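Below are two forms of the same protein chain, given as structure tokens: structure 1, then structure 2.
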Structure 1
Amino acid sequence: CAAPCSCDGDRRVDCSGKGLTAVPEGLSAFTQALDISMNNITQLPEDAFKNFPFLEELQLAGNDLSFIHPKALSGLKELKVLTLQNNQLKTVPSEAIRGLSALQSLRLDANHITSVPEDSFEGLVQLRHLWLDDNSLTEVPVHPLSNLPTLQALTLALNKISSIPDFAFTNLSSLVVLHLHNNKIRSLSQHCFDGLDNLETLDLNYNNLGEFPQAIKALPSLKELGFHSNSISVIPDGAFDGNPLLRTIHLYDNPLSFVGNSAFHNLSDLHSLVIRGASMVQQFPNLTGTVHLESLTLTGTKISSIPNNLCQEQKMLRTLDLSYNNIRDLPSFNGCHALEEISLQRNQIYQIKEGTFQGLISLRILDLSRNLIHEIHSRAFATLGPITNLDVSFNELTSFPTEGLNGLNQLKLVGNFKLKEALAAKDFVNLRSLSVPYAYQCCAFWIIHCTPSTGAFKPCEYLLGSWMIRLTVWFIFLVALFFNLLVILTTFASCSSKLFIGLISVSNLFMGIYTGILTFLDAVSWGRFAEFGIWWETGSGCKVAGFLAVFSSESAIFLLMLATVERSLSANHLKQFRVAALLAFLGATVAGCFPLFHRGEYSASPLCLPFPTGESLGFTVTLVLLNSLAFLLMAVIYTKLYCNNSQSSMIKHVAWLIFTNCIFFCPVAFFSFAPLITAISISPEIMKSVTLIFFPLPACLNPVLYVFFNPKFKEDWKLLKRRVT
């Protein structure tokens, strides 16, 4: 070897990383490839390559070169590859690059070239590859380009060319590749591509063309065409007429609106077709001749019918997306053997016939969501064995067959409301992902990881829960009902605060019935709260229960609010008091009946609680707020009398009742405002237990306060009871 740079190889000297200028002196005179790229050479002096007469490849990329002497490239008669990218010039080298008749590849990209002298490219009789991209050219150098009949590749991308004049490339009979993308081309003349008979690739992406080019009817050898990311909106009828060998067409990212019926026909080499956004298309395109398609995509159009002759000639077809159309009849699919993916979402399909889905061995993904399908026969599913995804959602289904779908891996059936039946768990063994219409469904339905994800709010086995709670609620029904019985009999039998005592007695009766309904409901369905859930939560039971709870809870509180005022007023008006009691029952009835008309309520827990999970922050939130608003005034008046015989007993009886009510009403409210304070997470079933335990708790304890603990008028009635005895 010789000199101090790398120099390693067979006649191949590589001094790229480190150097300055003048090229390495002292090198062998038989060097055939010099790579001095990425250095600080800014100018080539005259006769700067006189020690390398046999050099064939020269690389000068990455330098700061800005001046080439006309006689610098003298004696390089064997040079074949010259790279000059990433350097700086304002003219095509020109003069210096005239004695390079053996030159074949020339790179002039990434420079600041903005003018092409008319005398350039005169002397290069063997040029094959030319790079002219990443520059500031504003027009096609037609005249200089008419000196290279042997040119094979040409790139003019990333420039500022506005239009192509007539007969621009009328002398390149060997060009195979042409790139014109990332320019500002917006107009093309009629006679602009004449003489390009050997051209195979055309790129016109990222331009501002306004109308489909009619000049493409001159390239019979054209195979790949791309014109995506343009402003083409209308494709004329009969466009690709002179290009029978087309195999790839890119036309996406365009505001297409209309496509001619007889436009894609008679294209036997095309393998894919993706059209999206053709709003003003209402007929299926003609495809008599294009029988080699492997992916067909037609979405966003007004196509309402399909010609079933389609799944005939298209022998091979792998994906099909006909979404976002007005299709209502599913024309048979027998014949598309190679078809694998079908997308038919967002259409007007209403039925599914026996023969709709057959000849589908290789199906694997099916999508039928949002079609308003309501009738599905027991057929058109056996013929499709290897099917994994079955998306039928937001439809109007009433009965889902389970035959031939044992091989599914992901099922989506969420959105249907008329499907209240229970799906068989033995027919979806291989199923891994499930979504169902309801929770009971989930319930019922519930590594599967179902979407509803039932919790304590939706139990699958025990309504009430632990046997303890079960033994606790049986005792309340047996006590309250019977206890709240004789009390009213006395008052009812024999026509002050004594009234609100009977009035409070009545308020309890309704609450007990609610609990009894809940308990009876718990005893009928034991260890089987799966098929009794949907019927219970999407039907009349829940409403009645929610008015006997709301009517009874709210009524008691409201009723409990009038007795305190009565004592306060005693320590004439008798007439008014009756009228006041009749108005509370009516409100309680309204307050109770108000939620029976709006949507989403009495549908959060199987107990039909007023505020379960608080998922109505209206009445439920207002009810809790009103419960306390009302609770506040009673406590205020109590502290007020506190500030300063029978009356004492009544008073004592009433205080025991409110204290007891106030003491017993604290957890219900406390559980209502969980998200604000997070309450250290949510009671898994404790809330239910608490809610279950505490919400009807006053309905028994309260009435016992004056029963014998405070025998005032109640003791008079007990003595009256002994009298009846």
Structure 2
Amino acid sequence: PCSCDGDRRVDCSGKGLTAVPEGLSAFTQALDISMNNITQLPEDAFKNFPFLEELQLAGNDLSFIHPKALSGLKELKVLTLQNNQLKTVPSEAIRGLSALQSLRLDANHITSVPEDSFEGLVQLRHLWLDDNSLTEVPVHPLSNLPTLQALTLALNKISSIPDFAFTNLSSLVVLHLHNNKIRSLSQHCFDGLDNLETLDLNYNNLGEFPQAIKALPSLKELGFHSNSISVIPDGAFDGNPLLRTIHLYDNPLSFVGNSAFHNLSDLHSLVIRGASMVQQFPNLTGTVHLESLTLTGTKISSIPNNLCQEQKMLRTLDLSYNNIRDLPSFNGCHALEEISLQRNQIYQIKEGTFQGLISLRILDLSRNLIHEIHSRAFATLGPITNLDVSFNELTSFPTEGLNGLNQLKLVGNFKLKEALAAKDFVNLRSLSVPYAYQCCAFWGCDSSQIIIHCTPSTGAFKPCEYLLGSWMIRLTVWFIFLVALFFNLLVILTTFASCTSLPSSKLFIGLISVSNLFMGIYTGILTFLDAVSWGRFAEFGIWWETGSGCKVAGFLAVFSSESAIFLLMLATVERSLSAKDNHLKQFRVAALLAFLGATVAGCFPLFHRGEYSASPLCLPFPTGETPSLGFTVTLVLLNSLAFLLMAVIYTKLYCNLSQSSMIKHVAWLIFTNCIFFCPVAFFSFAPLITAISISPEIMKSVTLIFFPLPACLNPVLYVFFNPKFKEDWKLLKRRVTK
């Protein structure tokens, strides 16, 4: 079944025969028996092909090679035995192969390597021995053959490298030793490797820095990442000045010598992370071909003023997670395309810091203490796409030089109350601003080939043009405010001014009138604010919510509502007491206590942070999750509570059953107030539950409709459905006529 290519090359992989194929041409020069099921090669198995030149025995469960089996293969050059079950390197089986160039013995379960092994292999060039179970480096077999050029010993159980282990491999070029359990390296373990150009020590147990690598003058690639090493001392690479790449990541490092990375002329990258005991910039004299630089998580507070003028080919510069507070002048470097200064202590950006960086594309200044940026800091800076100054304390932001900026991030700068004109950022695609009102003028109706995405959204609780919204909601709010104000004033004047004796019920009615008047004053505040800023509210919300006016409006609203509810409960208690059968002074004291409680409830959100500024309505019931959950849940809890106690009380006298009249007035008051409180509580609770989805515009409209409505309604009922008021009005008219 062997597939013959006809070019003196034979393929026999995978057809499952357990012996050497027979009947093959005598002139063949390549033969493949991989994937087969050959376990042992009998004596003189390959004597039929004296012209063989490449042989592959991989995948076979082969675990024995006769000493004379591979004899007579003088012209063989490549021999692979990978994946097999050879328990030891075959010493007295490859002895006669005097013209072999490459030998694979990797992925076998090799435990021991006979000392006499590898004798006579005067033409070997590459050796594979990785993924084996060798406990120590075989010194004699390696010393046997001096012509080796590549060697790998990875994925093994070697723990220490003895002195002069590789003394005689003068021609070695590549040495792999990664994925091992090496933790101790002798001072002379790497002697004689004059031509070595690649050393791999990754994934080991090294804790102290290897002193041996000082004897590798031709080193070009060195890797020791994912080790235990912590200290890299000065003179680490002094003996190997041809280094190009060094891999040292995934290593817990504390201190790196100041002269560790000097005189490496062709080193092109440098990444150091976690070296927490470093406090000064490395001596980089002699290192001029650096393309990248990454010093992260250290205590460096300065950057050399000659870094830009030395590294001509610098392309990336990462200096985050340090204590850098003063920046040098970057004008020297032209190829620099990314700069990261994230999470540092920089407090100022001057116009000279970024002058002349003609190729800078990405700039990061997130999470620093910058409070002043020069107006022309980015003026002559070249074509930049990404800018990031998030989580600083910025008061103003420059405009010139940022027209071709695709991305901008300004979040976290709560003092940045200005507005960014969309004329400057004609090509911006993604924006982040501290306040949602700043992105209103930017995206317009989008949030004409704009596709501009702004991080803080304006979901009708941060209005762009009109605060109240549709015309009908503006008219009804205006009407509510007018009627509430006028009728509350009229009720107060009739009840209090024209009187000589104040019964408890009448005084309570007057107090509810006062609270409703305060609610109406809040509604008038809202109406005038909307009217003044009509179609331009995006220029007002930042000043409104983060100002004293919103605090005033929120306090007025909360105080009026709480006072009305508490006075409604006190009236329900007095009605019960009057129906039971002086205490008028006691009830006056109780009314003062209720007023004080309403005042303290209103004042409470002032010291707490993040409630009165949630919405331009200055209410503690905004859209979405309430930032101060506790305050809102308490307020609604104790409101529904007092509602249920007065409901229970009036149920009690209903069961129990002039003075008999006017009780229905208080009943209607409790009816209207409770049925108007339910929607506000329901739509404050709704955003907490993810099951119910409510459009924010409808929520805001209904809140604006029903929050102040009881203030509009109560004096209407007192003024039209109570003969008590008609008598008071007659008395007032009689007093006026006098």
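Each form is matched to the other, and the largest set of C-alpha atoms that superpose within 1.5 Å is called the rigid core. Numbering for residues begins at 1 and runs along the sequence of structure 1.
In a core superposition between the two structures, the Cα of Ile637 is the only one among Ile249, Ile637, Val177, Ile373 shifting by 2 Å or more.
After superposition on the rigid core, displacement of the C-alpha of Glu566 between the two structures amounts to 2 Å or more. With the core held fixed, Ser272 shows a CA shift below 2 Å between the two structures. In this overlay on the rigid core, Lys652 has a C-alpha that sits 2 Å or more away from its partner position between the two structures. The Cα position of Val23 changes by 1.8 Å between the two structures once both are aligned on the rigid core. Here the rigid core is superposed, and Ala679 then shows its C-alpha moved by 7.9 angstrom between the two structures.
In the core-superposed comparison between the two structures, the CA atom of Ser555 travels 2.1 Å.
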